[PDB]
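Pasting my_file_5.cif here (mmCIF, C-alpha atoms; chains and numbers go by the auth columns):
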```cif
data_coords
loop_
_atom_site.group_PDB
_atom_site.id
_atom_site.type_symbol
_atom_site.label_atom_id
_atom_site.label_comp_id
_atom_site.label_asym_id
_atom_site.label_seq_id
_atom_site.Cartn_x
_atom_site.Cartn_y
_atom_site.Cartn_z
_atom_site.B_iso_or_equiv
_atom_site.auth_seq_id
_atom_site.auth_asym_id
ATOM 1 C CA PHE A 1 0.000 0.000 0.000 0.00 1 A
ATOM 2 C CA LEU A 2 3.066 2.153 -0.345 0.00 2 A
ATOM 3 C CA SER A 3 5.445 1.300 -3.108 0.00 3 A
ATOM 4 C CA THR A 4 7.041 4.059 -5.065 0.00 4 A
ATOM 5 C CA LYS A 5 9.530 6.704 -4.323 0.00 5 A
ATOM 6 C CA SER B 1 -1.591 9.613 -5.526 0.00 1 B
ATOM 7 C CA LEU B 2 0.716 6.599 -5.429 0.00 2 B
ATOM 8 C CA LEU B 3 -2.250 4.229 -5.337 0.00 3 B
ATOM 9 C CA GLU B 4 -3.850 5.891 -8.383 0.00 4 B
ATOM 10 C CA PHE B 5 -0.517 5.757 -10.209 0.00 5 B
ATOM 11 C CA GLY B 6 -0.332 2.036 -9.412 0.00 6 B
ATOM 12 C CA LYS B 7 -3.791 1.446 -10.866 0.00 7 B
ATOM 13 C CA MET B 8 -2.845 3.472 -13.947 0.00 8 B
ATOM 14 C CA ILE B 9 0.289 1.339 -14.360 0.00 9 B
ATOM 15 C CA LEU B 10 -1.710 -1.901 -14.088 0.00 10 B
ATOM 16 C CA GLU B 11 -4.317 -0.627 -16.589 0.00 11 B
ATOM 17 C CA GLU B 12 -1.628 0.354 -19.010 0.00 12 B
ATOM 18 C CA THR B 13 0.762 -2.597 -18.781 0.00 13 B
ATOM 19 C CA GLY B 14 -0.987 -5.544 -17.252 0.00 14 B
ATOM 20 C CA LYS B 15 1.773 -5.620 -14.527 0.00 15 B
ATOM 21 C CA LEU B 16 1.084 -4.902 -10.847 0.00 16 B
ATOM 22 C CA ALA B 17 2.961 -1.734 -9.799 0.00 17 B
ATOM 23 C CA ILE B 18 4.037 -3.612 -6.669 0.00 18 B
ATOM 24 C CA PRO B 19 6.171 -5.611 -7.361 0.00 19 B
ATOM 25 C CA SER B 20 6.808 -4.950 -10.978 0.00 20 B
ATOM 26 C CA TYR B 21 7.994 -1.220 -10.658 0.00 21 B
ATOM 27 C CA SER B 22 8.194 -0.607 -6.988 0.00 22 B
ATOM 28 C CA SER B 23 11.842 -1.731 -6.719 0.00 23 B
ATOM 29 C CA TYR B 24 13.112 -1.863 -10.317 0.00 24 B
ATOM 30 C CA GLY B 25 16.556 -0.654 -11.302 0.00 25 B
ATOM 31 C CA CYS B 26 18.019 2.500 -9.830 0.00 26 B
ATOM 32 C CA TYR B 27 14.981 4.814 -10.034 0.00 27 B
ATOM 33 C CA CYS B 28 11.728 2.850 -9.866 0.00 28 B
ATOM 34 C CA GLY B 29 9.930 2.677 -6.563 0.00 29 B
ATOM 35 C CA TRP B 30 12.791 4.282 -4.654 0.00 30 B
ATOM 36 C CA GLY B 31 16.244 5.536 -5.734 0.00 31 B
ATOM 37 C CA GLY B 32 17.824 8.836 -6.675 0.00 32 B
ATOM 38 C CA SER B 33 21.295 7.878 -7.980 0.00 33 B
ATOM 39 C CA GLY B 34 23.158 5.995 -10.706 0.00 34 B
ATOM 40 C CA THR B 35 22.854 5.475 -14.432 0.00 35 B
ATOM 41 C CA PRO B 36 19.372 4.072 -15.150 0.00 36 B
ATOM 42 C CA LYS B 37 19.637 0.422 -16.092 0.00 37 B
ATOM 43 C CA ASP B 38 17.348 0.381 -19.138 0.00 38 B
ATOM 44 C CA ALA B 39 14.473 2.226 -20.840 0.00 39 B
ATOM 45 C CA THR B 40 11.992 1.259 -18.112 0.00 40 B
ATOM 46 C CA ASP B 41 14.339 2.589 -15.430 0.00 41 B
ATOM 47 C CA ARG B 42 14.675 5.764 -17.523 0.00 42 B
ATOM 48 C CA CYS B 43 10.884 6.113 -17.343 0.00 43 B
ATOM 49 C CA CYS B 44 11.290 6.217 -13.578 0.00 44 B
ATOM 50 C CA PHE B 45 14.226 8.620 -13.719 0.00 45 B
ATOM 51 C CA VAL B 46 12.136 11.061 -15.770 0.00 46 B
ATOM 52 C CA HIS B 47 9.104 10.516 -13.513 0.00 47 B
ATOM 53 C CA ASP B 48 11.260 11.343 -10.481 0.00 48 B
ATOM 54 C CA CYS B 49 12.429 14.523 -12.238 0.00 49 B
ATOM 55 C CA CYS B 50 8.829 15.318 -13.116 0.00 50 B
ATOM 56 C CA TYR B 51 7.789 15.128 -9.458 0.00 51 B
ATOM 57 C CA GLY B 52 10.944 17.153 -8.693 0.00 52 B
ATOM 58 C CA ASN B 53 9.543 19.969 -10.862 0.00 53 B
ATOM 59 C CA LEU B 54 6.717 20.170 -8.215 0.00 54 B
ATOM 60 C CA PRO B 55 8.283 21.122 -4.823 0.00 55 B
ATOM 61 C CA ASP B 56 5.170 22.357 -3.328 0.00 56 B
ATOM 62 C CA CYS B 57 2.951 19.477 -4.504 0.00 57 B
ATOM 63 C CA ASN B 58 2.442 16.119 -2.725 0.00 58 B
ATOM 64 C CA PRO B 59 2.306 13.397 -5.417 0.00 59 B
ATOM 65 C CA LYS B 60 2.174 10.451 -3.001 0.00 60 B
ATOM 66 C CA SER B 61 -1.137 11.435 -1.454 0.00 61 B
ATOM 67 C CA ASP B 62 -2.840 14.070 -3.617 0.00 62 B
ATOM 68 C CA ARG B 63 -5.544 12.501 -5.782 0.00 63 B
ATOM 69 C CA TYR B 64 -6.319 13.578 -9.346 0.00 64 B
ATOM 70 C CA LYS B 65 -9.048 12.515 -11.759 0.00 65 B
ATOM 71 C CA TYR B 66 -8.577 11.193 -15.259 0.00 66 B
ATOM 72 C CA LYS B 67 -10.624 9.395 -17.878 0.00 67 B
ATOM 73 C CA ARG B 68 -9.841 7.281 -20.874 0.00 68 B
ATOM 74 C CA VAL B 69 -10.895 8.430 -24.245 0.00 69 B
ATOM 75 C CA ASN B 70 -10.819 5.160 -25.982 0.00 70 B
ATOM 76 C CA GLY B 71 -7.351 4.094 -24.790 0.00 71 B
ATOM 77 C CA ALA B 72 -5.949 7.606 -24.284 0.00 72 B
ATOM 78 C CA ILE B 73 -5.443 8.999 -20.784 0.00 73 B
ATOM 79 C CA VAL B 74 -7.009 12.429 -20.341 0.00 74 B
ATOM 80 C CA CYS B 75 -6.205 14.230 -17.100 0.00 75 B
ATOM 81 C CA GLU B 76 -9.293 16.109 -15.891 0.00 76 B
ATOM 82 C CA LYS B 77 -9.068 19.557 -14.314 0.00 77 B
ATOM 83 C CA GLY B 78 -8.344 19.688 -10.533 0.00 78 B
ATOM 84 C CA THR B 79 -5.972 21.906 -8.618 0.00 79 B
ATOM 85 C CA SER B 80 -2.783 22.971 -10.386 0.00 80 B
ATOM 86 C CA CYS B 81 -0.805 20.417 -8.382 0.00 81 B
ATOM 87 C CA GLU B 82 -3.254 17.660 -9.303 0.00 82 B
ATOM 88 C CA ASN B 83 -3.098 18.502 -12.994 0.00 83 B
ATOM 89 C CA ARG B 84 0.702 18.482 -13.012 0.00 84 B
ATOM 90 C CA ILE B 85 0.967 15.311 -10.953 0.00 85 B
ATOM 91 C CA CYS B 86 -1.488 13.603 -13.336 0.00 86 B
ATOM 92 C CA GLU B 87 0.599 14.614 -16.374 0.00 87 B
ATOM 93 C CA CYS B 88 3.718 13.165 -14.732 0.00 88 B
ATOM 94 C CA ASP B 89 1.964 9.869 -13.967 0.00 89 B
ATOM 95 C CA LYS B 90 0.347 9.639 -17.417 0.00 90 B
ATOM 96 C CA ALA B 91 3.737 10.080 -19.069 0.00 91 B
ATOM 97 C CA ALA B 92 5.329 7.383 -16.901 0.00 92 B
ATOM 98 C CA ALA B 93 2.515 4.905 -17.571 0.00 93 B
ATOM 99 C CA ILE B 94 2.807 5.494 -21.325 0.00 94 B
ATOM 100 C CA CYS B 95 6.590 5.180 -21.045 0.00 95 B
ATOM 101 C CA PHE B 96 6.289 1.844 -19.219 0.00 96 B
ATOM 102 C CA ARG B 97 3.941 0.605 -21.978 0.00 97 B
ATOM 103 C CA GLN B 98 6.338 1.769 -24.699 0.00 98 B
ATOM 104 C CA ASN B 99 9.171 -0.143 -23.076 0.00 99 B
ATOM 105 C CA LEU B 100 7.527 -3.385 -22.002 0.00 100 B
ATOM 106 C CA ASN B 101 9.485 -4.972 -24.856 0.00 101 B
ATOM 107 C CA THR B 102 12.745 -4.566 -22.900 0.00 102 B
ATOM 108 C CA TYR B 103 11.463 -4.868 -19.322 0.00 103 B
ATOM 109 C CA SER B 104 13.754 -7.325 -17.468 0.00 104 B
ATOM 110 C CA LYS B 105 12.928 -9.167 -14.273 0.00 105 B
ATOM 111 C CA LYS B 106 16.666 -9.218 -13.394 0.00 106 B
ATOM 112 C CA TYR B 107 16.285 -5.548 -12.406 0.00 107 B
ATOM 113 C CA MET B 108 13.575 -6.217 -9.787 0.00 108 B
ATOM 114 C CA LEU B 109 14.929 -5.664 -6.234 0.00 109 B
ATOM 115 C CA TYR B 110 18.061 -4.157 -7.792 0.00 110 B
ATOM 116 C CA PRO B 111 20.608 -3.443 -5.031 0.00 111 B
ATOM 117 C CA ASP B 112 21.426 0.134 -4.175 0.00 112 B
ATOM 118 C CA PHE B 113 25.245 -0.188 -4.277 0.00 113 B
ATOM 119 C CA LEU B 114 25.072 -0.848 -8.041 0.00 114 B
ATOM 120 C CA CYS B 115 23.575 2.652 -8.469 0.00 115 B
ATOM 121 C CA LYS B 116 26.229 5.377 -8.147 0.00 116 B
ATOM 122 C CA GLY B 117 26.682 8.931 -9.361 0.00 117 B
ATOM 123 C CA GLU B 118 24.460 11.886 -10.049 0.00 118 B
ATOM 124 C CA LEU B 119 22.516 12.212 -13.242 0.00 119 B
ATOM 125 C CA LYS B 120 21.038 15.651 -13.699 0.00 120 B
ATOM 126 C CA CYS B 121 17.398 16.083 -14.679 0.00 121 B
#
```

Take the structure from the file and write it as structure tokens.
Amino acid sequence: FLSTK
Amino acid sequence: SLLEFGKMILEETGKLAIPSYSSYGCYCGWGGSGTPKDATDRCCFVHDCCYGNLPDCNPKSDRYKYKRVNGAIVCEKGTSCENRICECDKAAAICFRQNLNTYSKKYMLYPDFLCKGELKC
């Protein structure tokens, strides 16, 4: 549910 | 928002953003250094630069609206930040689609020490 810097 | 970008990526490519682009190469899903490994990684380099053009915007959380005209992505009018974030995400999703032909699983979970040096936007 987070994944991309 | 990151979640919307992930859905856009899946719609465009058929690949789940996590894990397909969340840890790929030197710039996808996380980094900020090194020579991008391949076209897909360059999509992420440019996307990072694109977000970098928006200091005062919050691309991870700010939601934008878009529609598909036929297959084309059309960003709908929101705040200025939302419009600009949408254009960055749209470009990256198109770029991932345009590169799928050279996407390589060997670059998933690519280790940070193999990414060195600054590359200017």

Nearby residues, (11.1, -4.9, -21.0) file frame, 12 Å, all atoms listed in the file, as number ranges by chain
B: 13, 15, 20-21, 24-25, 37-43, 95-108

Within 10 Å of residue B:112, counting all atoms listed in the file, which residues show up once you throw out same-chain ones fewer than 3 positions away? Write them as a short mmCIF file (atom, residue, chain, number, x, y, z; two decimals) with C-alpha atoms, keeping the file's coordinate frame, please.
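What follows is the written file around01.cif:
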```cif
data_model
loop_
_atom_site.label_atom_id
_atom_site.label_comp_id
_atom_site.auth_asym_id
_atom_site.auth_seq_id
_atom_site.Cartn_x
_atom_site.Cartn_y
_atom_site.Cartn_z
CA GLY B 25 16.56 -0.65 -11.30
CA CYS B 26 18.02 2.50 -9.83
CA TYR B 27 14.98 4.81 -10.03
CA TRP B 30 12.79 4.28 -4.65
CA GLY B 31 16.24 5.54 -5.73
CA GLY B 32 17.82 8.84 -6.68
CA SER B 33 21.30 7.88 -7.98
CA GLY B 34 23.16 6.00 -10.71
CA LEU B 109 14.93 -5.66 -6.23
CA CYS B 115 23.58 2.65 -8.47
CA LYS B 116 26.23 5.38 -8.15
#
```

Result set of the PyMOL selection byres ((chain A and resi 4) around 12) on the coordinates above, as an MDAnalysis selection string
(chainID A and resid 1:3 5) or (chainID B and resid 1:6 9 17:24 27:32 44 47:48 51 59:61 89)

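Here atom CA of residue B:86 and atom CA of residue B:65 stand 7.8 Å from one another.
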
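You will find atom CA of residue B:53 at 23.8 Å from atom CA of residue B:67.
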
Across B:35, B:52, B:76, B:14, the smallest distance to chain A, with only C-alpha atoms counted, is shown by B:52

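If you look at atom CA of residue B:117 and atom CA of residue B:46, they are 16.0 Å away from each other.
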
Report, as JSON, the axis-aligned box around all atoms of stretch 12-30 of chain B present in the file, extended by 3 Å on each side; give centre and edge lengths in Å to one decimal place.
```
{"center_x": 8.2, "center_y": -0.4, "center_z": -11.8, "size_x": 25.6, "size_y": 16.4, "size_z": 20.4}
```

Evaluate the PyMOL selection byres ((chain B and resi 56) around 12) against this structure - the residues, as number ranges by chain, please.
B: 51-55, 57-59, 62, 80-82, 84-85

I'd like to see the residues matched by the PyMOL selection byres ((chain B and resi 73) around 12) on this file, and ideally I'd get them as a VMD selection string.
chain B and resid 8 to 9 11 to 12 65 to 72 74 to 76 86 to 94

Would you save the residues from that selection as a JSON list (two decimals), in the coordinates of the input, using C-alpha atoms?
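Now in out00.json:
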```json
[["chain", "number", "residue", "atom", "x", "y", "z"],
["B", 8, "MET", "CA", -2.84, 3.47, -13.95],
["B", 9, "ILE", "CA", 0.29, 1.34, -14.36],
["B", 11, "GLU", "CA", -4.32, -0.63, -16.59],
["B", 12, "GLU", "CA", -1.63, 0.35, -19.01],
["B", 65, "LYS", "CA", -9.05, 12.52, -11.76],
["B", 66, "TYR", "CA", -8.58, 11.19, -15.26],
["B", 67, "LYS", "CA", -10.62, 9.40, -17.88],
["B", 68, "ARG", "CA", -9.84, 7.28, -20.87],
["B", 69, "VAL", "CA", -10.90, 8.43, -24.24],
["B", 70, "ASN", "CA", -10.82, 5.16, -25.98],
["B", 71, "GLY", "CA", -7.35, 4.09, -24.79],
["B", 72, "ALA", "CA", -5.95, 7.61, -24.28],
["B", 74, "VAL", "CA", -7.01, 12.43, -20.34],
["B", 75, "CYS", "CA", -6.20, 14.23, -17.10],
["B", 76, "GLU", "CA", -9.29, 16.11, -15.89],
["B", 86, "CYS", "CA", -1.49, 13.60, -13.34],
["B", 87, "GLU", "CA", 0.60, 14.61, -16.37],
["B", 88, "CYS", "CA", 3.72, 13.16, -14.73],
["B", 89, "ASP", "CA", 1.96, 9.87, -13.97],
["B", 90, "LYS", "CA", 0.35, 9.64, -17.42],
["B", 91, "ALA", "CA", 3.74, 10.08, -19.07],
["B", 92, "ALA", "CA", 5.33, 7.38, -16.90],
["B", 93, "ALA", "CA", 2.52, 4.90, -17.57],
["B", 94, "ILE", "CA", 2.81, 5.49, -21.32]]
```

Missing atoms of stretch 31-44 of chain B rebuilt to N, CA and C atoms, written as a PDB file, in the coordinates of the input:
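Done, and the output landed in result_13.pdb:
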```
ATOM      1  N   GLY B  31      14.971   4.793  -5.623  1.00  0.00           N
ATOM      2  CA  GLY B  31      16.244   5.536  -5.734  1.00  0.00           C
ATOM      3  C   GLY B  31      16.276   6.985  -6.240  1.00  0.00           C
ATOM      4  N   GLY B  32      17.497   7.512  -6.186  1.00  0.00           N
ATOM      5  CA  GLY B  32      17.824   8.836  -6.675  1.00  0.00           C
ATOM      6  C   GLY B  32      19.265   8.955  -7.166  1.00  0.00           C
ATOM      7  N   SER B  33      19.919   7.833  -7.478  1.00  0.00           N
ATOM      8  CA  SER B  33      21.295   7.878  -7.980  1.00  0.00           C
ATOM      9  C   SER B  33      21.621   6.764  -8.979  1.00  0.00           C
ATOM     10  N   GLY B  34      22.698   6.965  -9.732  1.00  0.00           N
ATOM     11  CA  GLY B  34      23.158   5.995 -10.706  1.00  0.00           C
ATOM     12  C   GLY B  34      22.692   6.233 -12.131  1.00  0.00           C
ATOM     13  N   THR B  35      23.269   5.464 -13.041  1.00  0.00           N
ATOM     14  CA  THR B  35      22.854   5.475 -14.432  1.00  0.00           C
ATOM     15  C   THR B  35      21.678   4.508 -14.539  1.00  0.00           C
ATOM     16  N   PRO B  36      20.524   4.965 -15.031  1.00  0.00           N
ATOM     17  CA  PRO B  36      19.372   4.072 -15.150  1.00  0.00           C
ATOM     18  C   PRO B  36      19.768   2.830 -15.927  1.00  0.00           C
ATOM     19  N   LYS B  37      19.248   1.699 -15.522  1.00  0.00           N
ATOM     20  CA  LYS B  37      19.637   0.422 -16.092  1.00  0.00           C
ATOM     21  C   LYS B  37      19.142   0.124 -17.490  1.00  0.00           C
ATOM     22  N   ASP B  38      17.958   0.626 -17.843  1.00  0.00           N
ATOM     23  CA  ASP B  38      17.348   0.381 -19.138  1.00  0.00           C
ATOM     24  C   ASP B  38      16.175   1.341 -19.357  1.00  0.00           C
ATOM     25  N   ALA B  39      15.597   1.318 -20.519  1.00  0.00           N
ATOM     26  CA  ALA B  39      14.473   2.226 -20.840  1.00  0.00           C
ATOM     27  C   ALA B  39      13.412   2.349 -19.756  1.00  0.00           C
ATOM     28  N   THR B  40      12.972   1.229 -19.190  1.00  0.00           N
ATOM     29  CA  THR B  40      11.992   1.259 -18.112  1.00  0.00           C
ATOM     30  C   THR B  40      12.501   2.072 -16.930  1.00  0.00           C
ATOM     31  N   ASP B  41      13.746   1.841 -16.530  1.00  0.00           N
ATOM     32  CA  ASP B  41      14.339   2.589 -15.430  1.00  0.00           C
ATOM     33  C   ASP B  41      14.418   4.074 -15.805  1.00  0.00           C
ATOM     34  N   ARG B  42      14.667   4.372 -17.076  1.00  0.00           N
ATOM     35  CA  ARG B  42      14.675   5.764 -17.523  1.00  0.00           C
ATOM     36  C   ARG B  42      13.282   6.387 -17.393  1.00  0.00           C
ATOM     37  N   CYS B  43      12.228   5.608 -17.602  1.00  0.00           N
ATOM     38  CA  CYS B  43      10.884   6.113 -17.343  1.00  0.00           C
ATOM     39  C   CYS B  43      10.790   6.611 -15.909  1.00  0.00           C
ATOM     40  N   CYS B  44      11.340   5.839 -14.981  1.00  0.00           N
ATOM     41  CA  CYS B  44      11.290   6.217 -13.578  1.00  0.00           C
ATOM     42  C   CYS B  44      12.187   7.396 -13.261  1.00  0.00           C
TER      43      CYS B  44
END
```
